[PDB]
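S.K.: sharing an experimental structure here, sequence included.
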Amino acid sequence: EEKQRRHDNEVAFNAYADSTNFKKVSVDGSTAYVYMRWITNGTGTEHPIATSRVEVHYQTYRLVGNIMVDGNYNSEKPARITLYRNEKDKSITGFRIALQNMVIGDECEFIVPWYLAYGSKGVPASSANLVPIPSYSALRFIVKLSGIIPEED
Amino acid sequence: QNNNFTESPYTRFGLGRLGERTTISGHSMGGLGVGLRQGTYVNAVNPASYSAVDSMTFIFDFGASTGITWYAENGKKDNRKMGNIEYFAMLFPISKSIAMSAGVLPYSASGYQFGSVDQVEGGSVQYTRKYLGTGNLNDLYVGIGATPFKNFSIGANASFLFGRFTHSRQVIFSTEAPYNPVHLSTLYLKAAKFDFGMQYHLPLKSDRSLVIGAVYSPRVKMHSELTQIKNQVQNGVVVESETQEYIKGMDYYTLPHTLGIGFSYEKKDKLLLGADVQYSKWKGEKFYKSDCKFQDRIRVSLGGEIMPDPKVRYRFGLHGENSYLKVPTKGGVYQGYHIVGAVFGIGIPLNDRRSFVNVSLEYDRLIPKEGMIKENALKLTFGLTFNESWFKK
Amino acid sequence: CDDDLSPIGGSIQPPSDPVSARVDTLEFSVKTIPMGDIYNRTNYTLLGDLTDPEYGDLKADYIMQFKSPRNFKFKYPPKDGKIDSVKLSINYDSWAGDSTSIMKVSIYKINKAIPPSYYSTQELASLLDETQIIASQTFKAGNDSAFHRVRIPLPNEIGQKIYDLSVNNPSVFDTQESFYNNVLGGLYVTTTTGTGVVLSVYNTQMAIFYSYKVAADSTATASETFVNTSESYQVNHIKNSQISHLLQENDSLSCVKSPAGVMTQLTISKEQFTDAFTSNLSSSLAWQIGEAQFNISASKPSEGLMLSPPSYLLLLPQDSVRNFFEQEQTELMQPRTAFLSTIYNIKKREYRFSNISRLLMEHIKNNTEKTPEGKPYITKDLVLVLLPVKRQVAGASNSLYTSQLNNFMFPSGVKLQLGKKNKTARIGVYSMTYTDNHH
Amino acid sequence: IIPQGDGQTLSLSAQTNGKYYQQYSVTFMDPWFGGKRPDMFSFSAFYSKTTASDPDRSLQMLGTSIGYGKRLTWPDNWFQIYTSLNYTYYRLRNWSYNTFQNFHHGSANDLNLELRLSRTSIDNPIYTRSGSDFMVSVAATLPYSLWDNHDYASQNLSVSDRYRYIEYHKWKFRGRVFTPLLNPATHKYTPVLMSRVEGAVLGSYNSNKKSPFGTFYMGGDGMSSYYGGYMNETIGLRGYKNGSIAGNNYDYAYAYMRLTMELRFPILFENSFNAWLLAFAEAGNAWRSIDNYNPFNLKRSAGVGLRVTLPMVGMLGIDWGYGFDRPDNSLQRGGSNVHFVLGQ
Amino acid sequence: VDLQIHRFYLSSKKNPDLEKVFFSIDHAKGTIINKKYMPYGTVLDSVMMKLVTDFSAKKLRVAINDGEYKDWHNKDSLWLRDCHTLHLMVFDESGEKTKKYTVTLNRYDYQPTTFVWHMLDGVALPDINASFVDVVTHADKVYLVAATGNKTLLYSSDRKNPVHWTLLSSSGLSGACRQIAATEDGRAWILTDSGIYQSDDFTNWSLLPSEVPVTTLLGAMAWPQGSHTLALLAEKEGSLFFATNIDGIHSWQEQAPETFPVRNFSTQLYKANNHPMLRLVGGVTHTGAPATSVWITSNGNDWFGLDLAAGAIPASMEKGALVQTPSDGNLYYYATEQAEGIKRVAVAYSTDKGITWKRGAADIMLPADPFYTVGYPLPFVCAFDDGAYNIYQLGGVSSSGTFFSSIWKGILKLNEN
Amino acid sequence: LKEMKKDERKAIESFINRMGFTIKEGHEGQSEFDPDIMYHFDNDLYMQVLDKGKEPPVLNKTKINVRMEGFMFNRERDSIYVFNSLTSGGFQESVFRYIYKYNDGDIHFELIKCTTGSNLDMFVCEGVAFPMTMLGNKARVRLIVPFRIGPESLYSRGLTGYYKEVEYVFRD
């Protein structure tokens, strides 16, 4: 049941490697890796830092069924997301790994495995969001970076 | 959509191709229905032949057919396949001489489908034009025949005619989400036809026999309901199914007087020859919004049956006819056409010495005037005559 | 079993059977015109002020009246009578502008009667004859946490009068006129100074907090609410200013500002209709339009703007713009004349309508006349407008349908690409030309 | 189960599926009622009930019937007239299924008088070698619409007042013909040629009041309904899907016709075990309105199959058919299909 | 799973303020920096370093300045009183995997609000006896207005080099200058005992027609395109009301609060949210007591006060001076405070574009002028900015009698270069 | 599930006799209502019309706002939920469009979701909208709605609503 769910999630994620187009990437000093592309190339030589807040336009998908779960693309003002400040203000690890390598103007698509996105915790639907995240789900992100908030704020 | 019987474009006009009211045995002899007098099958052409069946019999006659048709044009060729059930009828005695029959036969059938793909005028994208048409006018008949005077017999058929004909024309656009139009015309027809037939059967010397028969069909006025619709479709039919007009009543469609004369010479269990001529007074008959000019229809048939002493009976026949309407030729005047045909069949008996299995093969050709559709059709027909001994004490 | 279009038939076809297809290019003429007063039945109002460099200014405030319950008679007789506080709460859910700009909101009391109308007004000069300042307080939109309220203390006299009228005085809380003329009048809510934010206020309440019954030998605060609803008449003062540069001629773009503001008007001439359909001299042909695409591309908004493009646009004839909203209709109730675009998505930034052939059919059908010497012709131009609307959906996830369609009451603005420079005001009308002589 | 006794029989049975559709039935026939001639007098009664989910979505039917059958010798000593009087009470408890038009909550009464004339002279019905079978039947009700004086044209008429007394007049006919190609005495293994013609019409007295009870469901193999009621006759048409001809999308026909031609090749003849191969060609259709009745442009099909007869089981078989024509309101031909036949 | 640091901070048993300091961690260069400088004069005797790491982190080694890599544990209170660089090395349980991190502590070596001041030589400020003196800077010209008794005098000088001052021939003016106002396009208004006077060149003055006797000219705006809104405070019946004089047309507005100043206040015109705005600081209330609030407005119809700290704005009985450095966007306000019976100069500064104000230390911000150590004999303070990290603080001595004599030029030390 | 039906039957029986109620039988299309008699309308609904009202509504056209006051009870525990909009303030009216559509059972309303504050949209059910088939504008009724035609959110818990007074007024 759920074990088969983990198995097909990881077999799919692994297939997204050989699917030549999408290079693998990682941050320094981490075995964790996220498969990513370069749909658009931006201008600049300033990567976000692990404690930087960046405003982006993003969409989130599951690898199984490709059901849209979150997205702000139907709005003009970008949404501000923090990479990591503390245990209350943070984001998933794959999101940090992907955004630490991008630059302003890029638009990248990256595949985050189950153990880097939410693990076994699972995301109940609850209020607001109506589509819950099944436990051990790999995610597919499309993120367009627009700029970087300075650390002085 | 299926057309089952015919896909000839000529059936766009009038009531389509006019069928005959003969069974497999009569059809295999070239269409002999008037001169024949045999109490072995159903001869619904001439009801006076009913009073020739044996005293304890229930003849149930089935039938089916298939075949292929080749159409030729100015430079193009095409071929289509048909196949359907021809008819089914029954015939039983009533008294010492009187007999009765019933069943279902087709009066006329019509069907066609054609068109082409072209480019939108003064534009770039492509569009498809399709013209379709189907239609059938059936015939549910009950007949009775008798022989009051010696060597003389009469018969009468009362028929209920119901039918429907639809003609449609449409264009299909090739865009993101268009509203394809469909202009459609439906026609419902009901009537009640009567046929009266007489026959004289003189037994000649030894075993020879002569049969002379006549049949008459009075003019029929048909109750009709015509509707013209203008639909728009996207995937299924959508809003604006506006009806352009609706006309209902009698005195709009007629069927003409019909006369038929047949003769037959029969040497018993050795030889049968027959011929017949049929005349239809289609000239001057009404048809609302007809796009053609009618003409009197002449049909000539002649055939024979030979069986030597396995027991399989052999039948052959030749038939010809002229068209009953003048279609409008392209850039010209209303013109007609002729039809000729040859039939050959076998009549294998069965074990109980009463039933029959008939198989026939027919080839016919349509001869137009010039620059029109040319048709050559081949047809294989399989029948069955189940004769059981009912009414036994 | 064979499905191929045979080409054989056609040499004996009747002369009046064949059909054909055609394409005609039709030109719009684009203008930007003042939208005018908007019909608004809901309880949403706008409070504040805004200034955008490419869209001009907007000042919005309002006048409200409370809904009177029948046989009010509120519980737990207050200890020795009297009450404590009459704090008034203005509730808002979202805002446009800067969430840190400081405004000053003032609450006045008027002595006139609210005019009966559901249209937003400008220059409400007659109503503000005397007025009377009740309260004033500074505020900002974003106050951290999620406390999206503005709480303003009020003098205890109004609450004391309400309590008195409900017990020792006749129960006049029966008709709205009696409540408005005796218990409490109309409240005028405005911002006296400050700029940079407009709040979309959805209701306003007046909580009268009293002590309690003696409660054995204790006491415990309890309260009333007195909300305002959409059953009564409000006054919305929406005034857009310095937008004259948006109305001038510019043949590449057309603007649509939302709260009143400006809108885009598209005009198809009469001759363009005349020498594209009907026309001729045989009078045996006819046209059956089956496809006319119409999609609009929005210009990329410049950085630093405070206003964002509206999510939906409604395209409909200018004559049917009043009765469309007065009857509270929906684009699913008039599928032939009103069209709703798709979501404004920043991937492509375009509003995509679809085949609008039914609109052209409708216009040709009931505007065709004949000169004395025949010659059928069209007599009136085709005038359409594009409006920003707010759509409320319902139904299952697979089958979402437009439950409600209201006029958009939030600051927004968009610059569409419609003009003669790049031939953007072009529609390709695909039609079927059959013949029909049964006349 | 045949409880023979008292010079007569009291056969009865009851079938209840493991999930719903409980039904019970009793039958009582007198083969020699009157004591003079073999005049059948049969009495049959039965009851059946069928069922967020469904709290009380239930359909229940009380049925009773009497029948007097004769053995006429006027045409010949084989004609068997049959007159019966039948009554059925329908009651519903919020039936969501669009079965029976809009009848969802009310209760209705059915009372019909049936007259049937038939002639049967076939051999052993398991594997017939020669003979015929003909039947003409009529079933009619009382035209209440001419006396109750309720206007059914308007829509404001009450649902209870509409579906309370069922009116129709249903006609049926059927004919089967068998013929052996070779002599049964000389050859035990002989091919059999078979032809079947059958059809029915469900009329109505008032053009607006039509019976929701008793419509036709055509297409596929055809044995019964596994999701709805049994008050719609199922007619099989080999070479098409189940309900494709009429019955899917909750479109039930009011007339139908079916024509079959078959050729049977025997294989096994041992005691009570028989098996044979059959090749068939069929044509049929079903129409929502009577005016569209067209016995010539039908939907065609052809194919082969296999049949096996087994004691205590009845008849078991498998057939393969190819459908050549597209059903109405569809864009796909019948194609290749496989059908399983159980029992008769 | 590998070795990384996700959060790092310092905490002291005696100093609780180290927790609030936030550190930014860059893995690509492996550096931990406090981008917000630690407050000046802090002490880091014994501090624990609390850090959130991955589970795979097993061993840590800490090197202080250029010391030795010492095996670190979570229960160590290290000594970093004089420590500005720190080296961290992380190992897993395997022991061969390494990763270097550098933590640099940023601190203010001196006071963040220190100023550097200089004399201006060759200054020739006129010896003028007047009660009200103001300075207005437009483009590249400073204009000093003085109300000498019943008359009004105007002087001009260069913004960059205010050494030389030239008298201006004022035409059309009458009465004594009560107040002045000016916009960004050079047009100026002066309110005197008579009606308001208007000019576009500070020389030719036209009497603006009016009927309502204005009491004070708060400020001037140019918001309606081509027009000039003019905020006024007038006297209706026996109360004070705000008023506007947009294009000569007069109007009445809300009632002024009782704490609103009427005299000796400093005004300034700025821009926010694509809209001109007015800021007003200090003054004397209608009753006579000083006012210690900051009032801002956007249209002149009504004003509101900000929520300041506990008396950050100095209380003065006379005219102050509000200046702005636009390069860093800093605001300064100099007033005269009666502290322990002595008139001293007090400074209130702001760095959040006027959102928040904090009282400053006079000895550091103000010059070290010896003549003003014992008091401020002059009855007003004048100061004007330059445009880039430069302020002028007119007044070195009382000159020959009244008025200033010398000019002081000052620069924030943080922005010296 | 049948246990819930039995518990509801017991609750209805114990509630009806608890205060003075005269249960009668009602037929569809009834026009004359005794202002002191509670009727049973074959849909398990109980109705006692306090005022017949005015002109009847138009199907698929009229939009009606309702103000209801009452509470919900179970077999042994009452006052689980209490709602009031006729006397206490601070509640937006609930608006529904009068339609007729058989989705699962009889549905006589289409609720328009209110998005302007606190309301009682979850207390509007088929039983509340049913009296509009017979009565008219400005109508005041008293209802006892069983769980089958009760609010859809409170369907699993099998609660029986008792609406002490429901008032219908046309327009938005």
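M.R.: Arrived safely, thanks for sending. Numbers count the residues shown, from 1 in each chain, chains lettered A, B, ... in the order given.
S.K.: give me the nearest residue to residue E:327, chain neighbours excluded.
M.R.: Leaving aside its sequence neighbours, residue E:327 sits nearest to residue E:388 (C-beta to C-beta, 6 or more residues apart in numbering or on different chains; 4.7 Å). Where you see a C-beta, it was placed from the backbone N, CA and C, and this is true even at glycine.
S.K.: count the residues that sit near that neighbour.
M.R.: Counted with other C-beta atoms under 10 Å in any protein chain shown, the neighbours of residue E:388 add up to 11.
S.K.: helix, strand, or coil at it?
M.R.: Classification of residue E:388 by DSSP: H, G, I helix; E, B strand; the rest coil places it in coil.
S.K.: just checking, it touches residue E:329?
M.R.: No: Residue E:388 is beyond contact range of residue E:329, at 11.7 Å (criterion: C-beta atoms under 8 Å).
S.K.: before we move on, back to that, distance check, the residue nearest to residue E:327 against chain A.
M.R.: Using C-beta to the nearest C-beta, to the nearest Å, one obtains 21 Å as the distance from residue E:388 to chain A.
S.K.: what residue in chain E comes nearest to chain B?
M.R.: Going by C-beta to the nearest C-beta, chain B is nearest to residue E:274 of chain E, at 42.0 Å.
S.K.: distance check, that residue against residue E:298.
M.R.: As judged by C-beta to C-beta, to the nearest Å, residue E:274 and residue E:298 stand 11 Å apart.
S.K.: neighbour-wise, which of the two wins?
M.R.: residue E:298 (27 against 15).
S.K.: and the more buried one, how far is that from residue D:6?
M.R.: 109 Å.
S.K.: chain neighbours aside, what residue packs nearest to residue A:38?
M.R.: Spatial nearest neighbour of residue A:38, chain neighbours left out: residue A:108 (6.2 Å); criterion: C-beta to C-beta, 6+ apart.
S.K.: over to residue E:140?
M.R.: residue E:159 (4.9 Å).
S.K.: burial check on that neighbour, number of neighbours?
M.R.: 17.
S.K.: equivalent analysis for the one 3 residues further on, please.
M.R.: Burial of residue E:162, expressed as a neighbour count using other C-beta under 10 Å, amounts to 21.
S.K.: state whether it is indeed within a helix.
M.R.: No: checked against three-state DSSP, residue E:162 lies outside a helix; its state is coil.
S.K.: please, where are all the helices along the chain?
M.R.: Going with chain A. Secondary structure of chain A by DSSP state H: the helices cover A:2-18, A:93-99, A:114-117.
S.K.: should've been chain F
M.R.: F:2-16, F:126-129.
S.K.: of those, which is nearest chain E?
M.R.: helix F:126-129 (48.6 Å).
S.K.: quick one: contacts of that closest one?
M.R.: With C-beta atoms under 8 Å, 6 or more residues apart in numbering or on different chains as the test, helix F:126-129 has contacts from F:45, F:66, F:68, F:96, F:98, F:105-109, F:143, F:145-146, F:149-150, F:161, F:163, F:166.
S.K.: list the contacts of residue D:172.
M.R.: D:135, D:136, D:137, D:138, D:198, D:199, D:200.
S.K.: same thing but at 6 Å, please
M.R.: D:137, D:200 (C-beta atoms under 6 Å, 6 or more residues apart in numbering or on different chains).
S.K.: hey, what's it bridged with?
M.R.: residue D:137, residue D:200 (DSSP bridges).
S.K.: then residue B:103?
M.R.: Beta-bridge partners, per DSSP bridges, of residue B:103: residue B:89, residue B:141.
S.K.: and it, what is it in contact with?
M.R.: Neighbouring residues of residue B:103 by C-beta under 6 Å, 6+ apart: B:88, B:89, B:90.
S.K.: mind doing that once more with 10 Å?
M.R.: B:23, B:42, B:44, B:60-62, B:87-91, B:139-143 (C-beta atoms under 10 Å, 6 or more residues apart in numbering or on different chains).
S.K.: one more: residue E:308?
M.R.: Contact partners of residue E:308, counting by C-beta under 10 Å, 6+ apart, are E:292, E:293, E:294, E:348, E:350, E:356, E:357, E:358, E:359.
S.K.: what are the phi and psi angles of the closest residue in space to residue B:315 that isn't next to it in sequence?
M.R.: Spatial nearest neighbour of residue B:315, excluding adjacent residues (C-beta to C-beta, 6+ apart): residue B:28 at 4.1 Å. Backbone geometry at residue B:28, expressed as degrees, to the nearest 10, gives phi -70, psi -20.
S.K.: residue B:28 contacts residue B:341, doesn't it?
M.R.: No: with contact defined as C-beta atoms under 10 Å, residue B:28 does not count as touching residue B:341 (11.9 Å).
S.K.: can you check which residues contact both of the two?
M.R.: Listed as contacting both residue B:28 and residue B:341 by C-beta under 10 Å, 6+ apart are B:317, B:362.
S.K.: neighbour-wise, which of those two wins?
M.R.: residue B:28 (29 against 19).
S.K.: quick one: closest of the helices of chain A to residue F:22.
M.R.: Within the helices of chain A, the stretch nearest residue F:22 is helix A:2-18; the backing value is 59.2 Å (C-beta to C-beta).
S.K.: what does the stretch 251-400 of chain C put close to chain B?
M.R.: The stretch 251-400 of chain C comes close to chain B at residues C:288-293, C:295, C:335-336, C:352, C:354-355, C:357-358, C:361, as judged by C-beta under 10 Å from any C-beta of the partner chain.
S.K.: distance of the residue of chain E closest to chain B from residue E:267?
M.R.: Distance of residue E:274 to residue E:267, given as C-beta to C-beta: 21 Å.
S.K.: restricted to buried residues, select the contacts of residue B:103 in PyMOL.
M.R.: Filtering the contacts of residue B:103 down to the buried ones (16 or more other C-beta atoms under 10 Å in any protein chain shown) takes a single PyMOL command:
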select buried, chain B and resi 23+42+44+60+61+62+87+88+89+90+91+139+141+143
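S.K.: let me know the closest of the contacts of residue B:103 to residue C:382.
M.R.: Of all the contacts of residue B:103, residue B:139 has the smallest distance to residue C:382: 55.7 Å, by C-beta to C-beta.
S.K.: mind checking which helix or strand that closest one is in?
M.R.: strand B:126-146 (DSSP states H and E).
S.K.: sheet partners, orientation included, of the helix or strand that that strand is followed by?
M.R.: The helix or strand immediately downstream of strand B:126-146 is strand B:152-173, counting by DSSP H and E. Using DSSP bridges, strand B:152-173 pairs in its sheet with strand B:126-146 (antiparallel), strand B:180-203 (antiparallel).
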